[PDB]
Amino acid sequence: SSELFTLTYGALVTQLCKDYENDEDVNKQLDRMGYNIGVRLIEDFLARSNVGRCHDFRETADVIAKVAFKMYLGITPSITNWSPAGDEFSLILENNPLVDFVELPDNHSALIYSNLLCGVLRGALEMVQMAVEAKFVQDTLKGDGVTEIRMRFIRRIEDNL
């Protein structure tokens, strides 16, 4: 009965939507919360896999898609749409990873249901000196044929010092 995470995340979105009249405020909160979870998740991940430090953005994609996702969500997103420079790629999923159904009529058109994941991705990667942008550019819950998360390498974060 490991549907605990899904049910719990569902209640959080429902509760944040009542606490904030504006959906943009929910997306912002979901992203910050995700970031905070992301910083913790990275430690847990490296400790359980020992994959090592990546060097290219291409290596990061294979670890995130073939190892991280499989370990935490039991799924393997596909990697496509690489930029000629290799500083951007997309994660393709059959459906929304965090949510199965949404309440109708649609009162949250601008609401990014699983925005937490994007924060998790950004927070985890920031811990490994990579400033990246994770963003849903396609979502099955939005009517799209697939769920697509675009990953963009912004810059290399300087060491703490």
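For every residue, the number given is its place in the sequence shown, counted from 1.
**Item:** Residue range whose averaged C-alpha B-factor is higher in the record, 147 to 155 or 17 to 25
**Value:** Higher of the two, by average CA B-factor, is 17 to 25.
**Prompt:** 31 to 39 versus 96 to 104: which one carries the higher mean Cα B factor per the record?
**Reply:** It is 96 to 104 that shows the higher mean C-alpha B-factor.
**Message:** I'd like to know which of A134, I64, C54, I112 has the highest C-alpha temperature factor in the PDB entry.
**Reply:** In this record, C54 carries the highest C-alpha B-factor of the candidates.
**Request:** Compare the CA B factors listed in the entry for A47, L116, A68, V128 and report the winner.
**Result:** Largest recorded C-alpha B-factor: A47.
**Request:** Please rank the C-alpha B-factors of the chain's modelled residues and tell me whether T8 sits in the lowest, middle or highest third.
**Result:** According to the entry, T8 has a C-alpha B-factor in the chain's lowest third.
**Chain-wide C-alpha B factor ranking for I75, given as lowest, middle or highest third** = Ranked within chain, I75 CA B lands in the middle tercile.
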